[PDB]
Amino acid sequence: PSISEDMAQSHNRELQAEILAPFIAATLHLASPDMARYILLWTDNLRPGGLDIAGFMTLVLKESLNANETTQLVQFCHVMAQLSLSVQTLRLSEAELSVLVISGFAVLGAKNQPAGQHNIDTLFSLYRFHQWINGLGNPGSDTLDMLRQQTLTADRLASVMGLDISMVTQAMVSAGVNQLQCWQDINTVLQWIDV
Amino acid sequence: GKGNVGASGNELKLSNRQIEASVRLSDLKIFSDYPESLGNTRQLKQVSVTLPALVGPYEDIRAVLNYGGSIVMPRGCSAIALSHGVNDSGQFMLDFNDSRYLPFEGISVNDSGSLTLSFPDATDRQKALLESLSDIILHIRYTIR
Amino acid sequence: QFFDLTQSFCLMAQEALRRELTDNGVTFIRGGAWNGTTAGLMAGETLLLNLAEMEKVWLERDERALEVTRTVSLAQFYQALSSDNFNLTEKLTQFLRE
Amino acid sequence: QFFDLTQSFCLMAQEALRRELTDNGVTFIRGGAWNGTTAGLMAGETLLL
């Protein structure tokens, strides 16, 4: 009843996700419409059952015109349920998720898989990044700022941590990283300095 | 069955079965009517029209006023009609307090656009009626700021 | 009861709009405002959105239609009929005689 | 949805005023009422201003 096909045949994915965000926020027991829109972007980037968001909404507006793919629609639904409860359990907050989704998880990195799959590695890496976000403290948010671009530099990093610069120099020479392009690099420096 | 006299904007023609008479609004020289003192922006807001020809009972004159300017204000006021012409303004009432806009409101006082008096089927049913036609009066009320 | 009554009024409003615009396709009352799972609450503001949509449609598609008046004479009309052209007054007086 | 609709109404009102004063430069609505960070709240009183 609420929405129709008029903006369903459009090409503006972000507009469609933004306008659908309240409905998913309700059906998914989710906090804010912005997180609904972000997780919509994420599920689109997954493409669970060979679907996009516009297709998702067109099929929903269809009155169960798919005999078998309605189960695929509800599989998409359970998939966003899983990602949403991942967010709830890991307690990720607004800005970190926004950066990760707007960067297509490029600021994370993964193994033999772009962005992020739905396996254990993604969950573990996101959890690590989140404890590190929390332990950054007050300036850590603007740290994410310099993380959104590739201006994340060594001396600023060490100064935020409160640690020595030369430690970080040795860590980048040992870990082989010349620039902290992705959180894989950051995490490797983290593990080397932790050792 | 066809005539043409006049220049662009100020013309009279008989197209198809329809007599057209276009008047260039800028051609009327409303600027010179009153001094530039105590007035900066002038614009048209009302037009009534009179057709005092030989008309008895039961004869129904049909006229159309159309404006074809560049300033395009939404429909409802871009054209008016004439049936009686006895100080006919094109409405059941002459109210200046209308919540809505009067037809032909906001026009530039000497816009490059033109206004057309059009008589349908004068070939034809209004041929006799417009044969007896003498002339037309245009009472234009306009405001000056 | 109050919701049923305002629902009937809003339906009547939609029909009035439909007649005014002489288009019988535009619909805004799509039902479901009495959401049963939630005691049928919070339908007033959904109806308010319906009314806002009504007002938007009415104003945006508004068109001050051009007005024309036509005078018709029954004597001339009947005297000038394509299939049965006849004197109207004479037939009147005759039908009066019988 | 309601805020989008009232945004439309406010913009057509602005256009009506621009016609009335016959000046096309005066602007009052400059967007930003739908503050996305705040779930698009706080637009109503903005339109009031």
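As annotated in the PDB entry, chain D is XptA2 protein from Xenorhabdus nematophila. The title given for this PDB entry is "Xenorhabdus nematophilus XptA2, wild type State 2".

Identification of chain B as XptA2 protein from Xenorhabdus nematophila is taken from the PDB entry.

(A) Representation of the overall build of chain D within the structure. Counting its regular elements, chain D contains two helices and zero strands. Across its three principal axes, chain D shows a C-alpha extent of roughly 35 × 15 × 15 Å. Expressed as a percentage of the 49 residues in chain D, the buried residues total 12%. Working note: accessible area of chain D is about 3,600 Å², and carbon and sulfur atoms make up 61% of it.

(B) Inspection of the pairing of strand β8 (residues 114-120) of chain B at higher detail. All names here are of chain B. Burial analysis of β8 places seven of its seven residues in the buried class, which makes it a mostly covered element. Side chains of β8 alternate between two faces, with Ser114, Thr116, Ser118 and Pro120 and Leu115, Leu117 and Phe119 buried alike. With seven bridges connecting them, strand β3 (residues 18-24) and β8 associate as antiparallel partners. Looking at β8, one finds that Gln18 is bridged to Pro120. In this sheet, β8 lies alongside strand β5 (residues 63-67) in antiparallel orientation, the contact comprising four bridges.

(C) Region of interest: the nonpolar core. Core analysis: the biggest nonpolar cluster contains 52 residues, and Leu100, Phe129, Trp132, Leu152, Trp183 and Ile186 of chain A have the highest contact counts within it. Those residues in contact with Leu100 of chain A that lie beyond four places of it in its chain are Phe105, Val107, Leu108, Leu126 and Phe129 of chain A. In terms of nonpolar packing, the next biggest core, distinct from the first, is built from 23 residues, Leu44, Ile80, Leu117 and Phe119 of chain B among them.

(D) Region of the structure containing helix α9 (residues 165-175) of chain A. Among the residues of α9 of chain A, the N-terminal cap falls to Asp164 of chain A, whose side-chain oxygen and the backbone nitrogen of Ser166 of chain A are separated by 3.0 Å. Positive backbone phi, approximately 80 degrees, marks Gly176 of chain A, located one or two places after α9 of chain A.

(E) Geometry of the interface of chain C and chain B. The interface of chain C with chain B comprises 12 residues on the first partner and 17 residues on the second. Taken over both partners, the interface formed by chain C and chain B buries close to 1,300 Å², and the fraction arising from carbon and sulfur atoms is 51%. Summed over the shared surface of chain C and chain B, the number is one salt bridge. One salt bridge connects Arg64 of chain C with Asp98 of chain B, and the closest N-O pair in it is separated by 3.4 Å. Taken together, chain C and chain B are joined by five residue pairs in polar contact.

(F) Quick peek at the pattern of salt bridges. With the rule as written, the count across this model stands at 13 salt bridges over all chains. Measuring nitrogen to oxygen at the nearest pair gives 4.0 Å for the salt bridge that ties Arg17 of chain B to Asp124 of chain B. Within this pair, whereas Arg17 of chain B is found in the loop between β2 (10-15) and β3, its partner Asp124 of chain B is found in the loop between β8 and α1 (125-131), the two being separated by 107 residues in sequence. Classification of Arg17 of chain B as partly exposed rests on a relative accessible area of 45%. Using a relative accessible area of 36% as the deciding quantity, one classes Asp124 of chain B as partly exposed. Of the charged contacts in the structure, one is a salt bridge between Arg18 of chain C and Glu15 of chain C, with a shortest N-O distance of 3.5 Å.

(G) Examining the arrangement of the chains more closely. Here five pairs of chains are in contact, and chains B and C lead that list by number of contacts. With respect to C-alpha atoms, chain A approaches chain B no nearer than 25 Å, and the pair has no contact.

(H) Layout of the packing of helix α6 (residues 120-136) of chain A against helix α7 (residues 140-148) of chain A. Residues and elements named next belong to chain A. Relative orientation of the contacting elements α6 and α7 amounts to 125 degrees, with a least axis distance of 8 Å. Classed by the angle they form, the pair α6 and α7 counts as oblique. The residues of α7 that touch α6, namely those facing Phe129, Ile133 and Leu136, are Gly140, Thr143, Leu144 and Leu147. Grouping the constituent residues of the contact of α6 with α7 by class yields five nonpolar, two polar and no charged.

(I) Molecular detail of the interface of chain D and chain C. Contact residues are listed per partner, giving five residues for chain D and seven residues for chain C. Among the residues of chain D in contact with chain C, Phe2, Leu5 and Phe9 of chain D are the three that bury the most area, contributing 73% of the side total. Where chain D touches chain C, the interface holds zero salt bridges. Where chain D packs against chain C, one counts zero residue pairs in polar contact. The class makeup of the residues in the side of chain D that touches chain C is four nonpolar, one polar and no charged.

(J) Structural context of the side chain of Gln43 of chain B. As for its placement among the helices and strands, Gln43 of chain B is situated in strand β4 (residues 42-50). Relative accessible area serves as the criterion here: at 13%, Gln43 of chain B is assigned to the buried category. Non-local contacts of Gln43 of chain B, meaning those with residues more than four positions away in its chain, are made with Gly106, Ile107, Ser108, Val109, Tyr142, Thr143 and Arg145 of chain B together with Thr22 of chain D.

(K) Representation of the sheet that holds strand β7 (residues 107-108) of chain B within the structure. Residues and elements named next belong to chain B. Read from one edge to the other, the open sheet built from three strands follows the order β7-β4-β9, with strand pairing classed as antiparallel. The open sheet has two edge strands, β7 and β9 (137-144), and neither has a second partner. One ladder, built from eight bridges, connects β4 with β9; its direction is antiparallel. Counterpart to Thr50 in the pairing with β9 is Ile137.

Criteria and thresholds
Residues numbered from 1 in each chain as written, not as in the entry; some residues may be left out. Chains lettered and ligands numbered in written order. Part of a larger assembly, values for the part shown. Heavy atoms only, no water. Helix = DSSP H or I, 4+ residues; strand = E, 2+ residues; numbered from the N terminus. Buried < 20%, exposed > 50% of the residue type's maximum accessible area, 1.4 Å probe, protein only. Areas by Shrake-Rupley, 256 points an atom, 1.4 Å probe, with all protein chains shown as cover. Pairing = 2+ DSSP bridges. Core = buried A, V, L, I, M, F, W, Y, C linked by side-chain atoms within 4.5 Å. Contact = heavy atoms within 4.5 Å. Polar contact = N/O pair within 3.5 Å; in protein donor to acceptor, adjacent residues only side chain to side chain. Buried area = accessible area lost by both parts, 1.4 Å probe. Salt bridge = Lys/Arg side-chain N within 4 Å of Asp/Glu carboxyl O. Axes fitted to C-alpha atoms, helices over the stretch in contact; angles between N-to-C directions. Parallel < 35°, antiparallel > 145°, perpendicular 65-115°, else oblique. Nonpolar A, V, L, I, M, F, W, Y, C, P; charged D, E, K, R; others polar.

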